[PDB]
Amino acid sequence: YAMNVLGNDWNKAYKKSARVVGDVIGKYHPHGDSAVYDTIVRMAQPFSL
DNA sequence: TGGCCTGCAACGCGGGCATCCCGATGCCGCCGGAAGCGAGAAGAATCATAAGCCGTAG
């Protein structure tokens, strides 16, 4: 939902992950930073999904 | 297509009968072995008590 509200489509340029992590911690998931980053890494691994 | 079962006819040998000689055997007495499973001991299958990682959380 945060990535959709931010407006980062597939046909756009890349963006830094720290901004997205900070936004998620600030608005919706204020439960640390390690879990969100680990979830992002897990979603980014091709051999994991 | 080749071989087998059976009817007809001819031949032979053994079933039955008795008994004399005979071989097992039931019984009796004396001696042997194995069973008797109960118990002691060893081996093995199974049960009971720690970790390692799977991913977000502190």
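Note on numbering: positions run from 1 along each chain as its sequence is written and may not match the entry's numbering; residues without coordinates are not listed. Written order determines the labels here, with chains lettered from A and ligands numbered from 1. Remember that the shown chains come from a larger assembly, so read each value as a statement about the shown part. Hydrogens and water are ignored here; the side-chain numbers use all heavy atoms of the structure.

What the entry reports as its method is cryo-EM, with 6.6 Å given for the resolution.

As recorded by the PDB entry, chain A carries the name DNA gyrase subunit A and is attributed to Escherichia coli. Its PDB title, taken directly from the record, is "CryoEM structure of the complete E. coli DNA Gyrase complex bound to a 130 bp DNA duplex".

J.: I'm lost on the protein's contact with DNA strand B in this one. Help?
T.: Taken together, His29, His31, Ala35, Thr39 and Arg42 are the residues near DNA strand B. Polar contacts here mean pairs of N or O atoms no more than 3.5 Å apart (in protein, one a potential hydrogen donor and the other a potential acceptor; neighbouring residues in sequence count only if both atoms are side-chain atoms). One of the side-chain N or O atoms of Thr39 is found 3.3 Å from a sugar or linking oxygen in DNA strand B. A distance of 2.8 Å separates a phosphate oxygen of DNA strand B from a polar side-chain atom of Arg42. Note on residue categories: nonpolar means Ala, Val, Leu, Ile, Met, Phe, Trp, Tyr, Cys or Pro, charged means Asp, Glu, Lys or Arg, and polar means any other residue, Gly included. For the surface near DNA strand B, the class distribution of residues is one nonpolar, three polar and one charged. If a single non-hydrogen atom of a residue is within 4 Å of a molecule or strand, that residue counts as near it.

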